[PDB]
Every structure is written in structure tokens, then in C-alpha cells.
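K.L.:
Residue numbers (the authors' numbering), protein chains in the order written: chain X, 2 to 205; chain O, 1 to 245; chain S, 6 to 241; chain U, 6 to 246; chain P, 1 to 233; chain Q, 2 to 251; chain T, 4 to 241; chain R, 2 to 244. C-beta: ideal position from N, C-alpha, C; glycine also. The structure under discussion is supplied below as C-alpha cells; questions concerning it will follow.
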């Protein structure tokens with residue numbers, strides 16, 4: 002019941018040569034909303050993003066410690082991390098606390114450097130990676146997101162179709178969840194640009 | 001630098017000399033020769049034999065307790081050359097390492113791996129200045145299921161290697177030359193031929209006729225992988241079969 | 006030169022080198038005189054002011070261990086600070102545990118137990134690397150009446166009727182030997198201590214040049230003020 | 006030339022001189038002998054008395070390591086007492102772990118390894134004593150071992166450690182101890198101790214005797230006073246020619 | 001018995017600003033057997049000589065060219081047991097990196113970690129620096145790598161270099177013989193020629209140890225391949 | 002044990018620390034590192050001691066290390082000790098970023114590393130780090146900054162400074178030629194080229210013997226870049242042309 | 004030389020010089036005499052003062068109800084050993100509810116004092132003890148040394164000029180056993196007097212007596228309780 | 002785990018490491034502190050100015066709290082460590098006692114730390130001397146000086162570092178109640194004391210000034226030049242009148 006304490010929902014989707022990541026913007030404690038612009042998606046590279054759902058304090062702690070490790074990695078190696086290596090690093094960070102686990106389920110979306118191949122994955126609270134080829138979801142409304150994505154997702158979607166699919170899935174999934182919503186932010190990561198959009202959503 | 005150059009404390013602790021030498025390790029090698037005995041190990045086509053000379057200067061001493069042959073496991077045997085207490089400590093360490101290997105990995109340690117572990121411990125001794133390297137030499141004997149008989153020797157310097165034939169002690173140079181001569185004319189060796197080669201090498205480098213009470217022989221064979229020490233009857237039979245020819 | 010031997014090596018005569026060197030270092034300190042009479046114990050120490058710009062009130066060569074015990078030190082004062090802190094802590098701990106005041110001998114013993122607790126090997130980091138270079142004079146009043154004790158870096162502590170420590174201890178001890186008698190009063194003890202201090206001090210004795218303290222039955226540890234000191238030194 | 010100050014230093018000729026100096030310290034102590042007969046082991050110590058003020062039996066050089074193990078020492082007595090404590094601890098731990106009395110060979114090996122552990126480092130000093138371990142049991146028979154300051158342990162039929170060990174060994178070599186019983190061996194040990202003692206060099210001494218064997222049901226103990234008096238009178242009568 | 005090691009540095013600064021223990025370890029390295037490493041267009045070749053003082057030694061028992069991972073190799077010049085310790089530590093470091101990141105360690109990262117270990121033994125108390133210099137080859141992202149790590153803990157990226165006895169002459173020979181766009185076979189031939197420049201006696205398939213690293217990974221050449229290459233010269 | 006100890010962290014009869022002075026001698030033996038602070042940036046110029054025909058291409062820089070997004074450093078002395086110190090610097094910067102979610106100011110990082118150096122020089126019985134460092138960076142409190150650290154643990158801010166081989170001559174040249182308050186990036190680069198030309202007398206000035214990195218601010222972000230070989234070649238050509246024109250006019 | 008600064012260094016003659024220097028430290032101390040009868044053990048110690056105005060240094064200490072000690076040498080080491088023995092006695096009475104046997108306490112003292120003589124950076128305890136105790140075996144007199152060697156003595160004297168006291172004890176050791184308490188104390192006082200200078204004589208200031216027995220717990224007589232023992236002594240034989 | 006006894010006694014009865022630390026202090030720049038009636042002034046000489054050094058990062062005078070500041074002479078890094086420890090101590094004391102430290106309290110803490118480093122295994126004493134100055138809660142000015150041996154005394158005026166003997170003699174000959182009547186007189190006295198040891202007529206001089214219940218104030222070079230001009234005018238007037 003700790004994971005539902007703050008709510009939240011994060012979704013990542015694969016396109017033909019692009020990835021999309023989306024999250025809700027509500028920060029709240031139990032049934033009370035506090036702010037409507039909480040950040041759950043954090044850049045981890047030029048074309049690499051991580052979405053964190055769960056305890057907001059653990060979201061921030063994991064994001065900051067991951068930034069620590071990633072900065073040290075990129076200073077040591079002189080290169081940018083690959084999404085699979087970032088997934089492994091997040092798994093190691095989460096499994097280090099195996100008996101004191103952080104209450105966050107990370108979602109990673111990005112393009113592989115030097116290949117620009119889309120990559121999406123999700124992890125459990127102790128660091129079990131799940132690399133899929135269509136979509137990964139996390140948060141308090143996983144069933145609604147699963148229904149929406151299984152119904153709407155299609156292979157080899159262009160960035161416009163990918164945006165429409167992920168936005169409809171996120172909007173209709175969070176419209177059916179009490180402790181999620183109050184805005185949706187979507188990042189579309191192409192090989193040459195990154196587009197950030199905020200969706201017109203319900204505020205109840 | 002200079003051939004005999006020394007600076008600071010390089011003659012007292014294991015720090016580098018101006019030429020990059022470690023004098024304490026060489027002094028441990030001389031401590032090996034301080035013992036006064038010589039042992040010879042010979043590898044056959046299907047057996048491995050270790051022969052060392054037994055010294056019982058006084059009759060009051062119990063001869064059954066004066067041994068340089070030790071068994072590490074059921075299938076590995078060793079001969080020790082050098083300081084007796086150092087040799088016994090190294091034998092205890094080798095037995096512990098073999099038992100721990102069997103406990104941890106579920107199968108008996110190979111001879112090469114045991115020699116490598118002992119050499120690693122001796123290297124750790126050679127790199128730290130707080131302690132003294134052991135003045136002893138270990139020759140390991142065993143049968144490997146793939147390679148067959150194995151003869152491995154480790155030294156105080158942390159160096160180990162496998163051998164077709166090897167020697168350690170006061171007369172190891174003459175024994176090495178004799179074994180070189182006997183191995184260059186390589187004719188396939190049986191168990192009897194291996195035992196004869198080892199015994200005659202020791203006898204000729206000591207230039208004496210041997211009695212069954214003056215030597216100690218341990219063997220491993222492919223037929224009987226267990227390490228066993230020959231009794232005085234078998235050593236006497238080998239000595240007679242050597243002396244007739 | 007000083008590192009060829011450890012801090013805990015015996016001399017061929019059976020003496021620790023470091024302890025003897027600490028005893029030698031004591032002789033560089035200022036003279037402190039303690040007199041134990043039947044009416045109390047008086048302590049007097051030469052301040053040894055070096056510059057007129059140095060405030061004499063910032064020199065504490067007599068300290069209050071407890072309301073009934075005082076301490077006079079000679080040698081290395083910074084070394085004596087930790088010993089004084091230990092003495093005060095021991096007195097407070099004894100009061101906490103037993104609801105009573107310590108005897109002077111027990112305090113002196115507790116302080117003296119720290120003297121030889123030094124060494125290099127088989128010791129925790131931060132332990133003393135050398136003996137303390139300060140001699141202490143403990144003067145207090147307990148159920149045995151007024152009492153004066155002397156402690157030295159070797160750890161030995163003895164009860165003294167009258168003693169002097171410091172650079173001019175040899176000369177002052179002889180003077181203390183002649184003047185001291187068992188039936189001496191506190192006024193006579195203070196006057197004799199001041200006379201001997203004036204005799205042994207290089208600088209002319211005045212109110213700011215010296216520290217004087219007394220402990221009496223029923224009276225707490227009292228440090229003489231400037232006016233009281235000027236009253237005492239009026240006749241000398 | 007600086008090669009003899011630490012046990013962690015070899016000489017250019019491959020010797021550890023601190024261990025040899027500990028051996029020299031052992032060589033200056035009074036002689037203690039031990040003879041293993043066909044059914045037991047008998048110890049004998051020439052206990053020099055340095056003052057008439059000391060009580061009889063003071064500074065005993067015979068020890069009980071276990072119920073069945075006896076210890077005879079020579080050299081620094083404090084080091085010998087520490088080693089006796091180590092041997093007692095080893096025997097007690099062996100009984101606690103494996104549930105039976107420790108064999109003498111295993112105990113000798115353990116204590117010899119403990120002794121050898123002090124010959125490797127500059128932070129410690131090699132032991133300045135050598136000692137003999139004797140025991141008897143029905144399964145194992147009579148066993149006698151000796152450990153030197155270097156840590157070398159050997160089994161013996163007759164051993165001697167101390168000031169006069171060559172002469173004591175010569176006296177022991179004349180004994181057919183392999184065919185003798187403990188009762189004769191006590192008298193022989195007393196005679197040897199009286200022979201090797203130097204009246205002029207050492208003014209007075211006490212004869213310390215102990216044994217372990219089937220006569221004591223495999224328990225090490227001090228020889229009874231009647232046997233001790235008989236052995237002493239035999240030795241004194243044999244000394245005069 | 002005491003386990004207290006010395007807690008003070010055995011390597012200190014000389015009045016001229018030198019660390020003479022490092023220089024003595026370098027002298028120990030320079031007295032070692034020759035070692036040659038050449039970086040070609042499609043791979044790296046590590047070549048070294050292993051001549052036994054007697055025929056009684058078993059050639060196949062102990063190796064001087066060692067694999068660290070499936071893509072990283074190692075050869076040395078200096079003291080063998082020190083090399084064994086460094087090989088064990090390098091393998092452990094590579095396995096730790098693979099455990100953390102689930103990808104094979106890049107050659108440069110492993111070189112940096114081994115150099116850090118060597119620096120630790122250069123500065124930490126109660127120990128002496130290693131008496132070995134390491135030649136490390138690797139293949140990452142379709143790119144060959146060749147590094148040399150010295151006893152002081154410093155590393156250098158190389159195209160071709162030599163260690164051990166007569167390494168200055170070997171360096172000059174490589175300088176006049178090495179050129180870019182070289183293939184792996186030509187690099188192997190050049191390394192064998194560099195070894196022969198200082199070799200005394202007759203060089204056979206068991207006198208030298210050769211290891212190659214390319215896209216397929218790192219592996220030690222079997223004595224048959226070495227014999228064929230020697231016959232090719 | 003007490004006889005093999007060298008007493009690295011003890012005073013001298015003159016009140017000196019000998020090991021620190023010997024480490025400073027080691028610093029003097031090292032390559033020349035130069036740092037100049039301008040109005041619109043700050044640069045590092047280093048002499049590449051790793052010159053050889055068979056040496057492979059360096060990845061980013063031989064002696065210039067990026068510490069974080071806003072700082073870079075250059076080292077002179079023992080290379081492996083410099084690696085240790087740079088790793089510690091990166092760790093300290095990332096720890097500050099984790100604790101405050103803001104980039105660390107430059108002087109705090111220099112102070113932390115100098116505290117580590119002093120701790121080594123005071124206790125522990127270990128030899129000191131034989132590395133001197135030059136720091137360039139930008140922060141929101143003081144803007145562009147240039148610091149220098151010594152093996153003794155001392156540090157200080159400079160407008161222009163030089164460490165390593167021929168440091169005194171370069172310092173005198175900077176005193177003569179540096180115009181405080183009027184330097185730009187181009188003027189600072191020309192001054193650095195001239196100073197390296199006079200200091201590196203043994204070797205003619207070529208782009209392969211010199212490492213130059215600059216730190217600028219562009220649209221509220223810090224840019225740390227190393228000049229390409231063609232840029233350094235053009236700078237050397239410009240300096241040579243200026244030398245020729247000055248010779249001809251005189 | 005190079006063999007006299009560390010206790011972990013043997014000399015080529017087979018000796019450790021630091022231990023001998025600690026024994027010299029013991030020899031520097033003031034004389035104390037211990038002797039026993041069939042029923043009592045008595046320690047008499049000649050105390051010394053730094054000056055005429057200084058009280059004489061304590062020489063006899065309480066360990067348990069049945070054990071008392073007299074010291075010679077470094078007083079800090081003596082206090083350390085005395086605290087250790089007090090802890091051992093308290094632990095014995097806590098665990099087994101019986102007084103600790105004297106011989107076992109002396110064995111513990113020897114075991115404790117042997118350790119510093121074999122470890123680098125440590126020093127021997129520069130103090131020698133005379134231990135008087137009573138247990139199931141009767142009175143006991145024990146002497147400990149910095150060499151960690153202890154002796155069971157019929158009588159003993161340690162400190163400065165103790166040879167004359169030891170000679171007197173050797174002379175009267177035959178008479179000691181059958182003496183009563185007063186005769187034993189007078190014998191000990193005469194032995195202690197044998198170590199005094201020609202001009203110096205025994206008095207109530209410089210003499211302390213420690214007595215233990217079957218029905219008598221360990222007691223120390225310091226200033227005015229000494230006089231009944233001192234009275235009755237004869238003139239110095241000279 | 003280095004446990005060597007660095008500071009040990011000597012046959013003469015001396016601690017050689019502490020004496021060498023004092024010698025290291027004797028090589029530092031001169032620091033002068035004077036306790037006025039309502040002001041306290043600290044002045045530190047600069048041994049060399051390179052015209053390229055950033056003056057902000059080489060300030061030898063620092064504030065320990067809002068009411069206590071100190072100046073030092075000796076080794077700059079050791080002084081930095083001591084200053085950081087003193088600042089942490091001041092903050093912790095304000096935490097646990099709910100009141101700002103007195104000058105004597107922080108002086109005691111610093112002296113105790115130095116004494117600890119003079120008697121603990123595996124370390125050498127701090128080679129610095131400090132001039133701790135400030136104001137009590139009652140408002141009394143306080144000036145203290147510490148030394149590597151761990152001893153501290155209160156002063157009316159003092160000088161540490163190189164050439165400290167001459168400055169101390171000048172202060173003894175010049176410290177009077179008529180010389181500290183105003184803040185200007187105290188500042189001029191500090192500058193005059195520093196001027197004999199220093200050269201260039203006040204260019205290599207740093208001044209810091211602390212008043213009651215006021216933050217520490219560093220003097221810019223223009224104010225120092227003005228005070229030097231005032232001192233020169235006074236000296237020339239006295240010379241032209243008396244002689």
C-alpha cells in the first residue's frame with residue numbers, strides 16, 4: 002500500500018525509430034492533492050529518459066542517486082551511457098537495497114547511441130528488468146494502461162502516431178484512476194529532436 | 001645499477017635493490033640449502049615418484065617420525081626440502097587449502113591449482129616487509145584425470161611450474177644435469193624405470209650406495225591414484241634390482 | 006636521534022628514559038609552594054610574567070578541582086589541563102555515585118593512574134604517546150582534615166607536610182625545611198610561603214606576580230584576590 | 006651486521022639468527038631428560054636450587070598438560086609456562102571438539118606450529134625454551150616428543166635438553182630402553198641426572214621425577230616418594246666407584 | 001604471532017624529487033624477458049619469449065600470455081608471481097564491472113583499475129611496488145586497443161612497444177618497421193621479428209608465447225599456429 | 002619496524018617538512034602547465050610530455066581532466082597520484098551535487114582536495130601526493146576562476162599562473178605581459194602561445210606538443226572544449242607571423 | 004649496543020637486556036622482607052621518604068582478606084598489578100564464593116607479566132612483588148620478578164641492599180617455622196634492619212608491617228601499631 | 002593505523018617537534034592584534050604580492066563566528082584545518098548551549114586541539130599560532146594568542162610570525178590608554194606596528210576591524226593608504242615641531 006501513497010503513472014512506448022515516455026503530473030498525499038506539476042521523468046542523456054512512479058521521496062532519492070552514478074560513469078568513460086547499461090545500473094542500485102527497498106518502479110525509454118534503436122524497459126522495486134518491444138507501464142493504474150496499450154499500440158508507428166497512441170492511452174487510463182492525473186506530460190524522443198508536450202486533461 | 005649495489009634496507013626487508021633484486025628471497029633460497037638434504041621427483045608415462053634421502057644421525061631418535069614425505073589428500077603427496085618447521089607449516093597450509101577447495105567446489109583440487117595457491121601465499125610473503133619468507137621448497141605429486149601424472153614445484157619466490165623431472169636441495173644442480181641427460185635420450189618410462197631413475201639420480205649425485213633406511217619413496221600411479229609411501233621391503237627390492245645391473 | 010629507542014625502554018640503571026626526561030622538563034617550570042598546616046593548606050605559585058602586555062589574570066597555575074580541593078601545577082600547563090579535567094570528572098563521578106566528596110588521596114591516586122598510560126604498539130589511536138611533563142600539588146580538606154599531596158610524571162604520589170616544585174625547588178625545599186613546624190598556623194604558613202617565593206623569584210614580588218589559594222575546614226577553595234594579596238605582602 | 010636483530014630477516018647465508026640465539030638461551034639451562042620405555046615414559050629434571058630460601062618444589066619444571074600428557078622443559082621458565090598453558094588449551098579444545106583425549110603426536114604438532122609462528126615476524130620474539138611431551142595409552146602406546154625453539158618436533162626413544170645434553174645423550178645411548186619397564190627406567194634416569202650434574206659448577210639441585218604409563222593407568226603424575234628415594238640412593242651408590 | 005603489518009610507506013621522495021623504489025622496480029622490469037605488443041588495423045598481437053632454463057620444465061604448465069575476459073589479454077615483463085597477482089586482480093575487477101553493468105569492461109577502464117591497484121601498492125604502507133610492466137590488449141566497439149602499465153601506476157596507449165631486455169632496440173626496430181593499416185598477420189610477423197632481434201639461440205614454437213585479440217575475442221595461439229608462423233619467416 | 006620507518010610527517014630542525022619539499026621538486030621536474038583567466042573565459046595550456054611516434058591517440062586529453070559540468074583541472078607531477086586526486090575531485094563534486102542539487106563552487110572543491118592533501122601531510126606515515134593542480138571553472142558566485150594547489154595543501158586564486166618545468170620564467174613573463182581587466186579569449190590564447198614558446202625552448206612549438214582547453218559560457222551553460230590540432234596550428238602560425246612582423250618593424 | 008633497546012631482540016649470548024634492566028629497576032627499590040611460620044605470613048617493608056617533610060611511600064597493599072603484597076620498583080606498575088590481582092580475587096569470590104588460592108593468583112600474575120616481554124613495543128613490568136597469603140595450604144610467601152618468573156619462598160627479601168636481609172633469613176630459616184607471631188615479626192624486623200645504613204635505625208616512621216594468618220585477615224600496621232612489634236627489639240649486632 | 006610516537010621527550014627535557022613547530026611559526030608572516038576600548042584590530046603582513054594573485058583567497062584573517070575572528074601565522078593549510086574545526090565547534094556550542102561562544106571558550110578549544118596533536122600517536126603538532134580576538138556577550142573586548150604547544154594567554158596587544166620580537170617591543174613602548182582612545186588611534190597603532198617589519202609603506206598590509214555587535218570589516222586598500230598618509234603626516238608634523 003506504500004506504492005499507492007502518492008499515486009502516479011508512467012508509460013513508455015516504442016515507435017519505428019523513436020520512443021515516447023509519459024507521466025502524470027499530480028503530487029498528492031493519500032486523497033489530497035498538493036501540487037499539479039510534480040516531475041516524474043528525468044533526463045539521463047541526450048536521448049535517454051527515466052520515469053519513476055511510487056513514493057515521491059523515493060522517486061527523488063533514486064533520481065538523484067542515479068544522476069550521481071551516471072555523472073561519475075560519464076566522467077570516467079568519456080562517453081554517454083547506453084540505455085541497456087543504464088537499465089543494468091538502475092537494477093544494481095535497486096538491488097543494493099534488497100532488504101531496505103526503495104518504493105519505486107522505474108521506466109526507461111531511449112534510443113541506443115550510435116544506432117538510434119528504440120529501447121524501453123521497466124523494473125520492479127528491487128531491480129528486476131523487463132525489456133519489452135511494445136510498451137511498459139508503471140504506477141497505480143497499471144490495468145487501465147495495459148488495456149489501453151494492448152488495444153491501441155501498433156508496430157512501426159511514426160512519431161505522430163506514437164504520440165497520439167501514448168497520449169490517448171495515458172489520458173483514458175488516468176481518467177479511470179482516482180489518485181492519478183491532473184495533467185499528462187509526454188516526451189517524444191527522435192534521433193534528431195526531442196518534443197515535450199502537456200496534454201489537456203481533467204483536473205478532478 | 002652495480003652488480004653488488006645495495007641501498008637503504010634492501011638487504012634486510014623485501015624492498016627492491018638498485019638493480020631490482022630481492023635479497024631476502026635469495027637468502028630464503030639459501031635457507032633451503034641450509035637443511036642439507038636433496039630430493040628428486042621424476043614423472044613417468046603413468047606414474048610420478050618422489051625420492052628423498054632420510055637422515056637419522058642418532059639412534060635415540062624415532063625414525064618413523066623423521067619424514068619429509070607428506071600426503072595432502074588421498075591422491076596428492078608432497079616432499080619438503082629446507083627448514084623443517086617452515087616445511088610443516090606449508091604442509092598444513094596445503095592440506096587446509098585442498099580440503100577447502102573440495103568443500104567449496106565439490107571436487108578434488110588439481111595439483112597445479114594447489115601449487116598455484118601455495119605460490120600465491122609465498123608471493124604475498126615476498127611482497128610484505130613485516131614477515132619473513134619461508135625457507136622451504138614443496139614438490140607436489142599427483143595424477144590428473146586428463147593430463148596424467150603431475151609433478152609441480154613451488155619456491156619461496158612465489159614461482160611454480162610443472163616438471164618432467166625436478167630436484168631440490170644441496171645437490172639440485174647436479175641432479176638437474178643428470179635428469180637432463182636422462183630425459184634428452186627420451187625412452188618411454190615405466191613405473192620401475194621411473195623409480196630406478198629417481199633412485200640412481202640421488203645415488204649418483206651423492207656418489208654413495210643406498211640402503212632402504214637411507215631414502216624415502218612415495219608414488220602415485222594411474223592404476224592406483226592414491227599417494228603411498230613405499231615400505232622398506234619395496235625400497236630394498238628396488239635397490240637390489242638396481243644393484244644387480 | 007630521538008627515534009632509535011621506543012617510548013617504553015628501560016635504561017641500564019632501571020629507569021624509563023621518557024619519565025626521567027619528563028622529570029628534567031619539570032625543572033623548567035615556575036616555582037609552586039604548598040604548605041599543609043592544622044588549619045588548612047595554602048598554595049602559592051609564581052606566575053612568571055614575560056611581557057607587560059600579557060594579562061596576569063589569564064595565567065591559571067592554581068585551579069579548583071572541587072569545592073574542597075585545589076591544584077597547583079608546574080612544568081607544562083597544557084599537559085596539566087587534561088589531568089585537571091580528569092580530576093574534576095572523577096570528583097563529580099564520585100559525588101554522583103556515592104553522594105559524598107572525595108578524599109584528596111583518592112583524587113591524587115586517580116590522577117596518578119594516568120601517568121604511565123603511554124605507548125606506541127598495542128594501543129588505540131589517540132592514546133598518549135609520551136608521559137605528562139607537569140608536576141602537580143594537590144591541597145584539600147577532607148574528613149582527615151587538611152592534606153597536601155604531590156604528584157610527578159612517574160606516577161608516584163606522596164603526602165607532604167610542605168613541598169615546593171619547579172625550577173627553584175631545591176633552594177625552596179631547604180627554606181621550607183627550616184621554617185616549617187607542625188604547630189604552624191595558616192597565617193604563618195602563608196607568610197612563610199610568600200617569603201620563600203620572594204626569595205626564589207627573579208622578579209620583584211607583587212600582587213600580579215603570584216597566585217595564592219587556601220583551603221580550610223568549612224571554607225571552600227578560596228583564591229586570594231588582588232586586595233587580599235596586597236594586604237598579605239604589606240608586611241614581608 | 007644487522008642481520009640478527011629480527012626474526013623476519015634472513016642472513017646472507019640463509020639463517021635466522023634470533024632463533025639461534027633463543028636456542029643458545031636454551032643451551033644455558035639445566036638438563037632435563039626423558040626416556041621412553043616399552044610401557045611408559047619417564048621424565049627427569051636436574052632442578053637447580055638458586056637459594057636455600059626457596060621452598061622445596063618451587064619453580065617446578067615438570068608439568069601436567071593433560072590427564073595423560075606430561076611436559077618437561079628447559080630454558081626460560083616463563084616462556085615454558087606460557088607454552089604449557091598453550092598445550093593445556095590445545096588439549097582441552099581437542100577434547101571439547103572431537104570428544105576424546107588428544108593424541109600426543111597431534112598435540113606436539115599443534116604446539117610446535119604455535120612455537121614456529123613466533124619465528125616469522127619482527128613484532129614478536131621466538132620462544133626461549135625447549136620441552137618434551139610424554140604420554141601413554143593402551144591404543145597408542147608410549148610416545149615421547151621434543152620441540153625446539155624453532156618449532157621442529159620429533160619423536161624420540163630418549164631425549165635430553167639443557168646444559169649437558171651431549172653427555173646425557175651418551176649416557177642414554179647405553180640403555181636398552183626398548184625392552185625395559187618404567188621401574189628400572191626411573192633408577193636409570195636418576196643415575197643419568199646425577200652423572201651429568203656438575204657439583205663444582207652448580208652447588209645444589211633437586212631431582213624431579215615424573216612418569217606416565219601402564220603403571221599409572223595412562224596418567225602422568227609425579228613419581229611416588231618411595232620410588233624416588235630408591236632411585237636417588239641407587240644413583241648415589243652408583244656414582245661412587 | 002602478530003598480524004600487524006607496517007603502516008608507513010616504503011616508497012618515499014628523494015631530495016631530488018624522485019621515488020627511487022619505483023625506479024628500482026622499473027629496473028627489475030627492464031631485466032625481464034622481452035615482450036612485444038603491436039596494434040594492427042583489425043586486431044592486436046601480444047608476443048613474448050618463454051625460454052626455460054632446462055628441458056625438464058613443462059612448457060604447457062604455466063603461461064605468460066593470459067586472458068582477462070573474452071576480449072582482453074595480458075602479457076608482462078618482470079617478476080612472474082607479481083604478474084600472477086595482477087592477473088587475478090584484473091580478472092576480479094573485470095568480473096565486478098560485468099556484474100555491475102552487465103557488459104564486458106572496456107579495455108581502458110580495466111587498464112585504469114589495474115593502474116590504480118599498482119598506485120595503491122606504490123603509496124600504501126608496509127609494501128613494495130610491483131616489479132612488472134603489463135601489456136594489455138582489447139577489442140571494444142570494433143576498435144583495437146593496446147596499453148602499457150608501468151610499476152608506478154601510470155599507463156600509456158601504444159601502437160607498438162617493447163618491454164624487458166633490449167626494449168630500446170626493439171622500440172627502434174618497431175619504429176622503423178611498424179606502419180598503420182597493417183593486418184593482423186603482418187603484425188604477428190613483425191612481433192616475431194622484434195622478438196628474434198634480441199633472441200639468443202634458436203626460436204621454436206615453444207620458445208615464444210603469442211596471443212592475438214580481434215573481433216572474435218582474445219585467445220592464445222596454439223604451438224602449431226606459432227610453428228606455422230615461424231616457418232613463414 | 003621503528004628502524005625502517007622514514008618519518009614522512011615529522012618536522013625538521015629548521016621547521017620544515019622535507020617530504021613536501023621533495024614533492025615540490027618532483028612538481029618542478031614535471032611538464033609545464035599554464036592557466037590564464039580572461040573576461041569571457043579561462044583556459045589551460047599544458048606541454049605534452051608524452052611525445053613519441055608509436056604512442057597511440059589520446060582519448061580526450063593527456064593532462065587536462067573534466068571534473069564536472071562547470072570545472073576542469075590540469076595536473077603536474079606523478080601521473081598516478083594525479084589520477085587518484087582527480088577521481089577524488091570528481092567524487093567530491095558529485096557528492097556536493099547530490100547534497101544540494103546545485104553545482105559545487107570551485108573554491109569549495111579546491112578546499113576539499115587541499116584538506117585531503119594536508120591530512121596526508123600531517124598524519125598517517127604515508128608519503129604525500131606529488132601533484133600540483135590548476136583549476137579552471139565557473140560558478141554563480143564569482144564567475145570565471147583560476148586556482149592552483151600544491152602538494153603541501155596550500156592553494157590560491159590567480160589571474161594567470163604556471164606550474165611545472167620553467168614555471169618561474171613563465172610567471173615572470175605573465176607578470177610582464179598580462180593586462181588585468183582587459184584580457185579576452187583571443188588575447189589570452191596568444192599570450193599562452195607566447196609563454197609556451199619561450200618556456201618550451203628545447204622543442205619547437207608544434208600542435209602535437211601542446212594541449213589547450215578553454216572554458217566559456219554560452220546561453221547560460223558552461224562549455225569546456227579542447228582545441229583541435231588545426232586550431233592550435235593556426236594559433237602557432239599567427240604567433241610566428243606576429244614575431245616576424247615585430248622583428249621587421251624593429 | 005643494538006640488543007638492549009627492545010624486549011623482542013635476543014642477544015648473541017642468549018639473553019634479553021630489557022628484562023635485566025627491569026630487574027635493575029626492582030633492585031633500585033627500598034628493601035622489603037617476607038617470611039612465614041606454620042600459621043602466619045608476615046611482610047615487613049622499609050619505607051622511604053623523598054624529604055624530611057614528605058610522608059614515607061606506601062609499600063604494603065591490600066589485595067583480598069587473605070592476600071597482601073609488598074612492592075619494590077616502579078609504583079605505577081605495582082598499582083597496575085595490584086588492581087589486576089584485586090580483580091582476580093573479586094572474580095573468584097563472585098564465581099566460586101571462595102577465596103582465590105594464592106598459588107593460582109601468582110600463576111595468573113606470571114602469565115600476565117610474560118606477555119609484554121615477547122611483543123614489540125611493550126616493556127616488562129619494572130616491579131617485584133612479595134606476596135603473603137593464607138589458604139587451605141597454610142601461609143605462603145611468593146616473589147615475582149619482571150622476568151615473569153615467580154618463586155615459592157620460605158623467606159625472601161627484595162629491593163636495595165637485600166643481600167644482608169637474605170643472609171639473616173638464611174641463618175634463621177630453621178627457627179622461623181616454629182616461631183609464634185611476635186617472634187616471626189621480630190625476625191623479619193631484624194632482617195629488614197640488616198639492610199639499613201650504619202647510622203640509620205628502625206623506627207615507627209619508616210617501618211610498615213603486614214600480617215595474615217588462619218584466624219587473622221590481612222592487616223597493615225603503619226605508625227603507632229608498629230610500636231608493640233618494634234618494642235622488644237635488641238641493639239644492632241654490627 | 003599508524004601509531005608512532007612522533008612527539009617525545011629529549012634528554013634536555015624538551016619536546017623537539019613542538020620547538021620545530023614554533024620555528025615553522027617563526028617563518029610565517031607577521032600578524033598584529035591590538036585590543037582597544039570598543040574596537041579590536043587585526044593586521045597581517047603580506048610577504049609577497051605577485052600582481053596576479055587573487056587577494057580574496059589568501060586572506061590570513063577569518064571569522065570564526067559572528068563575534069569571534071582570528072588571524073594566524075605559520076602553515077596556511079594547518080591553519081585552515083584549525084579554523085574549520087573551530088567554526089564547527091562554535092556552531093555546535095551554539096546548538097547545545099543556545100548562546101554564542103566566548104572568545105576564551107574557542108581559544109581553549111583551539112589550544113586543547115593543538116595540545117592533543119602534541120601528545121597523540123602518529124601525528125605531528127600544528128605549525129601555527131593564532132590571534133583570537135572578539136567581544137564577549139557583556140561587550141568586553143578580548144584578545145588571545147595560542148601557540149603550537151597548546152598554551153594560550155590573553156593580551157592587550159601582541160604580534161606573531163616573523164619579526165614578532167621587534168613588533169612586540171614597539172607595542173610595549175607604544176601601547177597606552179592615550180593611544181587607543183578612538184578606533185582611529187588603535188588602527189594607526191596597528192599600522193605603525195606593522196610598518197616597521199613590512200616594506201613599501203603599507204602596500205603589503207591587510208587590516209580587519211571588529212566592533213561590538215557588528216560584522217567583521219575588512220579594510221580596502223584605499224582606507225589603508227589613507228591611514229598610512231595620516232601616520233606620515235603625524236610623523237612629519239612631530240619631526241618639524243620637536244626638531
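Does any C-beta atom of chain Q lie closer than 9 Å to the C-beta of residue 185 of chain S?
P.N.:
no
K.L.:
Between the beta-carbon of residue 6 of chain R and the beta-carbon of residue 162 of chain S, is there less than 9 Å?
P.N.:
no
K.L.:
Taking 9 Å as the CB-CB cut-off, is residue 95 of chain P touching chain C?
P.N.:
Looking for chain C here will not work: the only protein chains present are X, O, S, U, P, Q, T and R.
K.L.:
Can you list, in chain order, the residues of its chain whose CB lies under 7 Å from that of residue 129 of chain U, leaving out five sequence neighbours each side?
P.N.:
A distance below 7 Å between beta-carbons, with the five flanking residues on each side excluded, links residue 129 of chain U to the following residues of its chain, in chain order: 123.
K.L.:
Counting only beta-carbon separations shorter than 9 Å, does residue 7 of chain P have a partner in chain R?
P.N.:
Output row for residue 7 of chain P: interface = yes.
K.L.:
How would you label residue 94 of chain S, buried or exposed, when you count the other beta carbons within 10 angstroms and need 16 or more for buried?
P.N.:
exposed
K.L.:
Taking the alpha-carbon positions, what's the residue 26 of chain U to residue 22 of chain T distance?
P.N.:
16 Å
K.L.:
What residues from chain O crowd round residue 179 of chain Q, counting only those whose CB sits closer than 8 Å?
P.N.:
Simply none; closest approach about 46 Å.
K.L.:
Tell me the start and end of each unbroken alpha helix (DSSP H) in the stretch 129–196 of chain O that is at least 4 residues and wholly inside, in chain order.
P.N.:
Scanning the stretch 129–196 of chain O from its first residue to its last, the whole alpha helix (DSSP H) runs of 4-plus residues come out as 172–184.
K.L.:
With DSSP run on the structure shown, which of helix, strand or coil describes residue 162 of chain X?
P.N.:
helix
K.L.:
From Q:107, Q:13 and Q:244, pick the residue whose C-alpha is nearest to that of residue 159 of chain Q; which is it?
P.N.:
Comparing alpha carbon positions, the residue from Q:107, Q:13 and Q:244 closest to residue 159 of chain Q is Q:107.
K.L.:
Just to make sure I have the definition right: I need the residues of chain T whose C-beta is within less than 8 Å of the C-beta of residue 127 of chain U. Which are they?
P.N.:
11 and 123
K.L.:
Applying the criterion that 16 or more other CB atoms from any shown protein chain within 10 Å of the CB defines a buried residue, is residue 56 of chain R buried or exposed?
P.N.:
exposed
K.L.:
Are any of the Cβ atoms in chain P nearer than 9 Å to that of residue 85 of chain Q?
P.N.:
yes
K.L.:
Going along the chain, which residues of the stretch 155–180 of chain P sit with their C-beta nearer than 8 Å to a C-beta in chain Q?
P.N.:
156, 157, 158, 159, 160, 161, 171, 174, 175 and 178
K.L.:
Whose C-beta lies closer than 7 Å to the C-beta of residue 1 of chain R among residues of the same chain, with five residues either side of it excluded?
P.N.:
Lying before the first or after the last residue shown, residue 1 of chain R is absent from chain R, which here runs from 2 to 244.
K.L.:
Given a limit of 9 Å on CB to CB distance, which residues of the stretch 10–22 of chain O reach chain P?
P.N.:
10, 13, 14, 15, 16, 17, 18, 19, 20, 21 and 22
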